[PDB]
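*Asks:* Sequence, then structure. It's an experimental one.
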Amino acid sequence: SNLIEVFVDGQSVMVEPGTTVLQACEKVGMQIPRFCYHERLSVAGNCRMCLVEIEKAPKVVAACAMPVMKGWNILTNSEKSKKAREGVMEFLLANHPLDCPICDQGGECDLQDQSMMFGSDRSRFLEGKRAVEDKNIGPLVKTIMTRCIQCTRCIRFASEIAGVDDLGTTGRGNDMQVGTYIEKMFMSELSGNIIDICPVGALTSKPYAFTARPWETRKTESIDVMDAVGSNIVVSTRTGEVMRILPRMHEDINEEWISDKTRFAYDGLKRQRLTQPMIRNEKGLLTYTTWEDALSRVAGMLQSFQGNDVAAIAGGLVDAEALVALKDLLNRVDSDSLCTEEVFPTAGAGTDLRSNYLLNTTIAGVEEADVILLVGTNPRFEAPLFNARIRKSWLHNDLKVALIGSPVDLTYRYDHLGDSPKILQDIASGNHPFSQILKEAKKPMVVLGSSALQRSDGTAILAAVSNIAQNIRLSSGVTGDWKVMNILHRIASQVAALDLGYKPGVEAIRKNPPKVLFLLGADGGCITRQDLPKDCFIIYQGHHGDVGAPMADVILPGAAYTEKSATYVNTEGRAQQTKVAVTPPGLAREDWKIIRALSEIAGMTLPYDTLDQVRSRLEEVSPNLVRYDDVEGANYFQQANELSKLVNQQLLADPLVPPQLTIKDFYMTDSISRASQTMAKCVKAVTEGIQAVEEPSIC
Amino acid sequence: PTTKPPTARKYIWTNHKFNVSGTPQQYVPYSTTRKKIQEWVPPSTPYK
Amino acid sequence: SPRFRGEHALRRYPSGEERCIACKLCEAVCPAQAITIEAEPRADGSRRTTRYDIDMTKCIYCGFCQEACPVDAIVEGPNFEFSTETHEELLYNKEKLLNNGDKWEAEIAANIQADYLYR
Amino acid sequence: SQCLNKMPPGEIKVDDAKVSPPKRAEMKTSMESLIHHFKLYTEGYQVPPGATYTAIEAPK
Amino acid sequence: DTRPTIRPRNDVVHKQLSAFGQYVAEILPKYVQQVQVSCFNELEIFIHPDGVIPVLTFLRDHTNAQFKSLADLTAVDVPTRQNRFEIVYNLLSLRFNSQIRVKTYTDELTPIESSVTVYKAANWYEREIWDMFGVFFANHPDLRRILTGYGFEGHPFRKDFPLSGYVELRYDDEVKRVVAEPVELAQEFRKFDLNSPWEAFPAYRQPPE
Amino acid sequence: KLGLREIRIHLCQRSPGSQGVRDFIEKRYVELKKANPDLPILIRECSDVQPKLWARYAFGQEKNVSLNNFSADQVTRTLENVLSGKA
Amino acid sequence: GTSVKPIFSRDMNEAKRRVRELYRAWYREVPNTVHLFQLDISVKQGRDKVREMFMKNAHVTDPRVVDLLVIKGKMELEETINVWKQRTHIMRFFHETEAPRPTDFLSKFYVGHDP
Amino acid sequence: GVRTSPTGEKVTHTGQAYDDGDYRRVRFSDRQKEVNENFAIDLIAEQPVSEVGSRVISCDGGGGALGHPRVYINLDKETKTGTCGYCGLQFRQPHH
Amino acid sequence: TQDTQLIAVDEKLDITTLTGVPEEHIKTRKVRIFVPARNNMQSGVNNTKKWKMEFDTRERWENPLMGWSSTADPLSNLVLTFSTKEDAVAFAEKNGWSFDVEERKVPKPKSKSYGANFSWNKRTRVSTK
Ligand code: SF4
Ligand code: SF4
Ligand code: SF4
Ligand code: SF4
Ligand code: FES
Ligand SMILES: [K+]
Ligand SMILES: [Zn+2]
C-alpha cells in the first residue's frame, strides 16, 4: 500500500518508504562497504565509505543515511562509486599505523578486507604518519588509539546500548581523538562488546591479547550458561583449548551482544578443575582414585541407604540431561527429595503451571510493551541482556519503567515507586497512583526477579504480583494474549529443573535431613554438613570445586558447558542446546554418563544409554525440552492465581534489596567466574580505583 | 673472513659446535609451553 | 648461492631482542603445516612466541616462511649438513631454532645483506 | 641463445599487489603494501569462479 | 599498453567458438543440454549422460570437428547437487588446433557408457574416475583400482572422505607383517578458516533465493 | 508404596485432539489441587503433542495413558481412577 | 522420479543370484589362498570370514547397491587370484593387531569420552 | 638469565621446566635440555632509552629493509617511555 | 528418458556400504546442518550464505613428545558446503548420518532514520556526534 519501487543496478526492488539506500542495496544482495554504520547503533555518516552513485545525479550520496526515493537506480559498481571508495580508503589508510603483524584484528580486520576488495594496491603517501597516546579504560579492553579510524561506533554504543555516556571525542581536525579525556574506566556489564564494535584493532580483548589468530580457530556454536538469558555464543577453540567467546546474532535472546561475565570467563575453565575422581582416605584426606573405586563406593552407599534419606541438591550450572538422570536414579530408590539451590514459592500452583515460573511474554516482547514494573530486581546485573532489551525499548518506544526494589543504576531513568513490599499491595488495591497508569497502559508488563523470591516472604511477593496482574487483567485494556506476569530467573539451571519436577527450594533437606546427599554442581553453599546428620555421605559431581567438593567425600569430576552437548532452558522457556567444543580435562566425563554408569554399577540401570536416548527421556518428562529454539507459550494464569489466593502469606517490613547492586557484585557469582582470574582483575579495578589497571598496552 | 670479517654481535656464539648427533650433547625435542589446565589441589584439613 | 635454502633459524635484532613477534604469517603460509606457534604476552609486554616449533621431518624447504615474515625473523640458513641419527632430533623447538640463529648469524646476516635488494 | 640475447628490461611480477606480493621494501614502509602482503600470505588472492584446462608442451 | 597487467582478450576466437557451439547444438539437439564459451575462450558443452558415446563420436569423426585426442577425462564431485559426480571430457583437435570440453553429470549409482570404444585412451582414465570417485562405467574392458592400494575401502577424491583417510599402516613384529590400524595422527591437520566475509567479485553474484 | 508419586499431563496448545484436556485444565483443576495439595500434577504443554497422561509411581514406574480426543468429563474420569486406584 | 536406471540386475532376485555366484567363487577360492599365499589361518578360519563379510552388508535392499558390491567383491576376488593382494593385504581382513574394543556402556565410560 | 629449577632442570625464557614428578624428564638424561642462554627478556632491558626531542618518532629497527616495518610512536605521556612494538626499543621526550 | 527397462527403485537411496566408512564412524557421529554465523569481529555477511555440514568434536589430547593436538577422529576437519538445506539433509540421509538441522537465522529488517538522531520530543536524540 506504501511500497516504493527503487532500482539497484537496474533490478527493481519494493522498499518501504524510509528505507535507506544501504538496506535497499542489501535487499538485492549487494553489501555496501561501510565502517561507521552498525545496524544496531544509530546512523552517523562520517566514515564516508558507503558513498554510492545515484543515476542522473552528479553527487555520490551516503547510502548509510540517504533515504531512497521513487525511480532511483543505485549504481553500486559505477566507476564514480569505485573511485570514491578508493579515495576514501586511501584517506583512511594514510595515517593508519603499520601494526598489522602486531595487531590482533589481523585476519579479521574490516579495514584489511575492504582494502583487499574495495581499495587500491599501493600508496601515494610520502609523509610522516600521526601517532596518538594510548588510553586506559580498564583491565578488559586494551586500547591502541593510533589505530582508531574515528568511526565513533564505540561512542554511540556506549551512549545508547550501554547507557553510560563516558566515551566521546576530543579536539578537532586530524588531532581529534576518541576516548574518555579524564581517566575513567569504561565499566559496564556490556563493556566488552565494544571490542566487537571496533572495526579496527584500536579496541581489543585484553585476555585474548596475543594468543591466537582468527584464521586458525575452530568456531563451535553454543549457549551461554552464566546468566539465565541464554545468549547464543561462538566458542573459538584451537588445539583443543578454549580461546575466546564471541556473540552470535539471535535477534531475540541477545541481539548480537553478550555480557562481560559471558565473554571473559573462559579462563575460569582452566583453573581449580576437577579432573580425576577423589575419595576420602583413612585420614579423611581427598586422594586421587580410579573411577571404579569411587563409583563402587557411591553405588554401595546408594544401595544400603534408601527411602527419604537419599537426596540431591542440583547446582546452578547443571544441564538438563544430568537433572533427569539424577531424578530417575533417586526415584528408583524412592527418593523424591530433589532440591535446587534457588528457592521459588511452591505454595499454591507452584511448578505445576509453567507460566508461574516463566518470563511468558519473551525477551523480544519487551520491545512492544509500554509500561514495565520491575519488582525487587536489578536486571542490569541479574540479566544484562534483558536490561539491554529494556533500554532498547525505552529509547525508541518510549516505554515507562517503574521499580519497586531498592534504587539502583539501571542506565535508563526509571520511576522509583519505593522499596517497601507493602507498595505492591497498594497497587493491588488501586490506592497507589501508579495503578491508574497500569490500568491505562495497553501493553503492561510485570516482572518479578527470582532474587526477590529468595526471601522468606517469596510466597507473599508472588501472591501480591499475581494480584497486580489479575487486577490489570480484569480491565480488558491489556490486549488478547499479552501475558503480563513474568518471573526473571538468574540461575541458568532453574527453569529446566522446575520443568522436570525438582523441588523449587532446599527446604526438603532441612525438613528431612538425608544420610546421603548428591551435590550435583551445587556451589551456592546453602546447606552444609552441620544441617546434615552426622556420618553423611556427600557426593559432589562438578567441574570447579570451590564450595562443594571440599565438603564432599567423592568428587566425581563432571563436564562443563563448553565440554558437553546438553540442553539449557532460559528464563523465557526457550530450550537451547550447547555443543561440544573441547573434551573434558583429565579423567572427567559427561554428567549424564556419570549418573548412568553409577546406576549401572549400583544395579538399578537407567534405560537410556545414548545422548539421543536421554533426550527422548527428557521429552517423556517434558515435551517442551526438545523443541529447540521454540518458545512454548504457557497459559492458565487464572488457575495459578486462584491457587495462589489460598495461603494468605504476609509480607514483611524488610526492603526488597537485590543481592547485586554494584558492578563489583556482577563479576564473581558462579563457580567458573570465581575460579577465573580476569574477573578478579575486574573486581579489583572496580573496587579500589583506576590505579590497578596500568599496563604496557603500547604493543 | 681475514679480509672482510663478519659483523660482531653479543648473541653470536664463540665456539662453533659441530654436528652434535650421536654424542650425549644431542638435541631432545620438548614442549616449550607451560600447563593449560590446572588442578584443584584438595585441602589438607580432614574436616569430615 | 646466498639464496640457498637450508636449516631453518630464528634471527634477532642487533640489540638482542628476537625479531619474531608471533604474527603467525609463516605458520599460515607453510604448505606443509610444519610450523606450530603459540603466543603469549611476555612480562615486559612485547608479544613473543611461547612456542615456536618447526618440524624438519615435515618441512619442504620452500622458503615461503622467510618471504612471509615481515620482520625477517625466520630464515632458511645456509647449513645443510645437519643429518641426525634419530628422528626426534629433527623436531625443532624454539630453543633449538634460537640456537641456530645465534650460531649461523654471521653467515645469515651476510647472506641477507647480499640478497635483500633482489627481494 | 635467443632468450639470452633478447632479455628485456622491466619488473618480475604483475604490478598488482592483489595477485603478487609487494616488494619487501614497500611492505615495511607503506600501509597498502603491508595489508596486501598480510592478506596474500595469510588468505591469498581470490580466483574468480570458473574452470579452465591449460596445457603446455612439457619436455615429456 | 593501456592494460599492461590485464590479460589480453581475444574476441575473434570467442566468435569462432560460439559459432561452433551453435553448430554442435544444432547437430545433436537430442543430448546437448547447454553450451557456453568462457571469458578466456574455452567452449564447454553440457550434454545428457546418455550422449556420452554419440556426441564424442561426432566430435571425433565429423569433418568440421576432427577432435581426435582425448587430452583429459576427469570428474568433479559437488555434494550439494543431486547427481554429485560431474564427468568432464577434454578433447583437442589437431587439424583445427582447438580444445573442447564435454561435461556430463551422474550420481553415485548411475552407470556411464565407457568411452573406450571411441577414445581408446579413456581406458585408464575411466578406471581412475572409478577409483577416486566411485562412478561405475559399464561396458568397460576392465574396471579396477588404478591408484589406491590393494584392498582399499572407499573413494578418496570424494568430498565426504577425510584427507587423512581412516586407516594408516604400520609394521608389527608380533605378526611380522605390515598391518593396518585405525588412523591416529601425532598432530591433527589444523583446519584454517581463511575466507573473507566481504564479497569479492560483483560479476559472479548469485541472485537471492 | 505406589502412593501416586507424580502426574504429568502433556497436552497440545492448539490441536483439537487436546481440546477436551484444555477444558479440564480450564475448569476441573483448581478443586483437584485443593483436594490433594501435595501432588506434583505437571501440565507441561507443548506444540504438536498428542494429549497424554503419565502416572509416575514409586520406585520409578510410569504408565502413560493417552488422552487423544477426550472430553473434559472423559479426562476427569480417566484421571480419577488413577489417583483413586492407589491406597 | 521413483524409477531409475539399473546397474546389472533388474530385481532383487537377480542381485541375490549374483551374490550367490560371488560367494561360490570365494568359497571355492579360499583354500587356494590359504596354500598359495602361505597363510597360517585354517581353511575354515577363512571361509567363515568370507561368510561374515557377506553377512555384514546383508541389510541392503536397493538392487543397484547390490550390483555395486557384487562388482567390488569381484574385484577383490580378482586381486586375490593373481597374487595382486599380498599376505599383509589379505591378513587385513582378520584384524589381528587391533586390540578388542568394548561394547558395554560402562567400559566405554571407564576408558574415554566417546559415544 | 637462565636459572636452575629445584629438580635441576634449567628454565627457559618461556618459564618451562618439567615437574619433579614428571616422567618426561627421562628424555633429558644422558642428554641436555636445549635452552638458549641469551634471554631476549633481559637483553632488551639494558638497551638505553633514546632521548628523542620530538613529540612522535619513527622506528624501523635499523637498517631500513633489514629492520621491521616503520612505525610511529607518540611520546606524550611523561610517566612512561614509548616502546616500539616490533623491536622493544624505548624512547622518551627530553624531560618534556 | 532412459529406455533400458527403466526399473522402479522407490526405496530410499543408501550408500553406507559403498563409501568405505568404518562401523564406528557412521552412526555414533552426528552431523550438523547449519548456516554459519557471521564473525562478530567483522561486519561482512558473505560467509553466511551457504549451508555447512560438520561432525561432532571428539577427543583431542596432547602429544607426549612435543605437545601437538593429537586426535583419532578422521571426520574432524571435514566440513561440507551446500547451497540449500534440503540438499544438505539429502546428503546426510544418503550417507546414513544422524543430523540436527538448525534453521537459518536472518537479521530482522531494522528501521534507520538520520532525523531521529535530532528528534525534538523523543528520547532518541543523541547527546553527541
Ligand atoms: S586494525 Fe590492525 S589488522 Fe587492521 S589495518 Fe590496522 S593494524 Fe592492520
Ligand atoms: S576506537 Fe574503534 S569504535 Fe571507537 S571510534 Fe575509534 S575505530 Fe571507531
Ligand atoms: S621453508 Fe620450511 S618452515 Fe618455511 S614454509 Fe617452507 S617448509 Fe615451512
Ligand atoms: S612470520 Fe616471522 S614474525 Fe611472524 S610468527 Fe613467523 S617468525 Fe614470527
Ligand atoms: S557507513 Fe555511510 S558513511 Fe559511514
Ligand atoms: K575490534
Ligand atoms: Zn622498532
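*Replies:* Nice, thanks for sending it over. Numbering: from 1, shown residues only, chains lettered A, B, ... in the order given. Ligands and ions are numbered 1, 2, ... in the order given.
*Asks:* Now do the SS call for residue C:97.
*Replies:* Here residue C:97 is helix, with the state taken from DSSP: H, G, I helix; E, B strand; the rest coil.
*Asks:* What of the one 5 residues further on?
*Replies:* Look at residue C:102: counting by three-state DSSP, its state is helix.
*Asks:* contacting residues around it?
*Replies:* B:11-13, C:12, H:36, H:38 (C-beta atoms under 8 Å, 6 or more residues apart in numbering or on different chains). C-beta coordinates here come from the backbone N, C-alpha and C atoms, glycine included.
*Asks:* Check residue A:36 too.
*Replies:* A:44-47, A:49, A:64, A:151-153 are the contacts of residue A:36 under C-beta under 8 Å, 6+ apart.
*Asks:* One more pass at 7 Å, please.
*Replies:* Taking C-beta atoms under 7 Å, 6 or more residues apart in numbering or on different chains, we find residue A:36 in contact with A:44-47, A:151-153.
*Asks:* go on, residue G:100?
*Replies:* So residue G:100 contacts nothing (C-beta under 7 Å, 6+ apart).
*Asks:* Relative to residue D:8, how far out is residue E:8?
*Replies:* 17 Å (C-beta to C-beta, to the nearest Å).
*Asks:* Spit out the contact partners of residue D:24.
*Replies:* Residues near residue D:24 by C-beta under 7 Å, 6+ apart: C:116, C:119, H:65.
*Asks:* which phi and psi does it have?
*Replies:* Per-residue torsions, residue D:24: phi -60, psi -30 (degrees, to the nearest 10).
*Asks:* Tell me which of the contacts of residue D:24 fall in strands.
*Replies:* Secondary structure assignment by DSSP state E places none of the contacts of residue D:24 in strands.
*Asks:* For ChimeraX, what selects the buried ones among those residues?
*Replies:* Filtering the contacts of residue D:24 down to the buried ones (16 or more other C-beta atoms under 10 Å in any protein chain shown) takes a single ChimeraX command:
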select /C:116 /H:65
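*Asks:* Among the contacts of residue D:24, which one lies nearest to residue A:439?
*Replies:* Nearest to residue A:439, judged by C-beta to C-beta, of those is residue H:65 at 78.0 Å.
*Asks:* pretty sure the closest one is touching residue C:115, no?
*Replies:* No - counting by C-beta atoms under 7 Å, residue H:65 stays clear of residue C:115, with 10.8 Å between them.
*Asks:* ok, and what's touching the longest helix anywhere in chain G?
*Replies:* Among the segments of chain G that qualify as a helix by DSSP state H, the longest is helix G:12-36. Applying C-beta under 7 Å, 6+ apart, the external contacts of helix G:12-36 come out as G:8-9, G:39, G:43, G:46-47, G:50, G:54, G:63, G:66-67, G:70, G:73-74, G:77, G:80-81, G:90.
*Asks:* Near chain I, list only the ones from these.
*Replies:* Restricting those to those touching chain I (C-beta under 7 Å from any C-beta of the partner chain) yields residue G:63.
*Asks:* Of the contacts of helix G:12-36, which count as buried by neighbour count?
*Replies:* Burial by neighbour count, judged by 16+ other C-beta under 10 Å, picks out G:8-9, G:39, G:46-47, G:50, G:54, G:63, G:66-67, G:70, G:73-74, G:80, G:90 from these.
*Asks:* hang on, isn't residue A:459 packed against residue A:345?
*Replies:* Yes - if you go by C-beta under 7 Å, residue A:459 and residue A:345 touch, sitting 4.1 Å apart.
*Asks:* re the thing from before, greatest separation within the contacts of residue A:36: which pair is it?
*Replies:* Between any two of the contacts of residue A:36 (C-beta to C-beta), the greatest distance is 12.1 Å, for A:45 and A:153.
*Asks:* More neighbours: the two, which one.
*Replies:* Neighbour count, other C-beta atoms under 10 Å in any protein chain shown: between residue A:45 and residue A:153, residue A:153 has more, with 27 against 18.
*Asks:* who's in contact with that one?
*Replies:* A:36, A:38, A:41, A:197-198.
*Asks:* Columns distance to residue A:507 on top of these, output as CSV?
*Replies:* As requested, the contacts of residue A:153 are exported to CSV (distance: C-beta to C-beta, whole Å):
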residue, distance to residue A:507
A:36, 55
A:38, 48
A:41, 47
A:197, 46
A:198, 49
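*Asks:* ok, and the most crowded of those?
*Replies:* Most neighbours among the contacts of residue A:153, by other C-beta under 10 Å: residue A:198, with 26 neighbours.
*Asks:* distance of residue A:287 from residue A:185?
*Replies:* Note on residue A:287: its distance to residue A:185, by C-beta to C-beta, is 44 Å.
*Asks:* who has more neighbours, these two?
*Replies:* For residue A:287 versus residue A:185, neighbours defined as other C-beta under 10 Å are more numerous around residue A:185 (22 against 13).
*Asks:* does the spatially most central residue of chain E sit in a helix, a strand or a coil?
*Replies:* Note on chain E: the residue nearest the mean C-alpha position is residue E:75, at 2.7 Å, using C-alpha atoms, centre = their mean. At residue E:75 the chain is in strand, as set by three-state DSSP.
*Asks:* so it touches residue E:128, yeah?
*Replies:* No - in this structure, residue E:75 is not within contact of residue E:128 by C-beta under 7 Å, at 8.8 Å.
*Asks:* contacting residues for the residue in the stretch 251-400 of chain A that chain G sits nearest to?
*Replies:* Proximity of the stretch 251-400 of chain A to chain G (C-beta to the nearest C-beta) peaks at residue A:291, 5.6 Å away. Contacts were defined as C-beta under 7 Å, 6+ apart; by that measure residue A:291 touches A:277, A:587, G:110.
*Asks:* In chain E, what residue spans correspond to strands?
*Replies:* Going by DSSP E, chain E shows strands at E:32-37, E:43-47, E:70-77, E:85-93, E:98-106, E:112-113, E:137-138, E:167-172, E:177-182.
*Asks:* Could you export those strands as TSV, including distance to residue A:210?
*Replies:* Converted to TSV, the strands of chain E look like this (distance: least, C-beta to C-beta, whole Å):
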stretch	distance to residue A:210
strand E:32-37	50
strand E:43-47	49
strand E:70-77	40
strand E:85-93	45
strand E:98-106	49
strand E:112-113	55
strand E:137-138	55
strand E:167-172	36
strand E:177-182	37
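*Asks:* Which stretch among the ones you listed approaches ligand 3 most closely?
*Replies:* Ligand 3 sits nearest to strand E:167-172 of all these, at 22.5 Å, using C-beta to the nearest ligand atom.
*Asks:* quick one: is the closest one near chain I?
*Replies:* No - remark: strand E:167-172 sits outside contact range of chain I, by C-beta under 7 Å from any C-beta, the gap being at least 8.1 Å.
*Asks:* Name the strands paired with that strand and say parallel or antiparallel.
*Replies:* strand E:177-182 (antiparallel) (DSSP bridges).
*Asks:* what distance separates the strand it pairs with from the centre of its chain?
*Replies:* The chain centre lies 33 Å from the centre of strand E:177-182; the measure is C-alpha atoms, centre = their mean, to the nearest Å.
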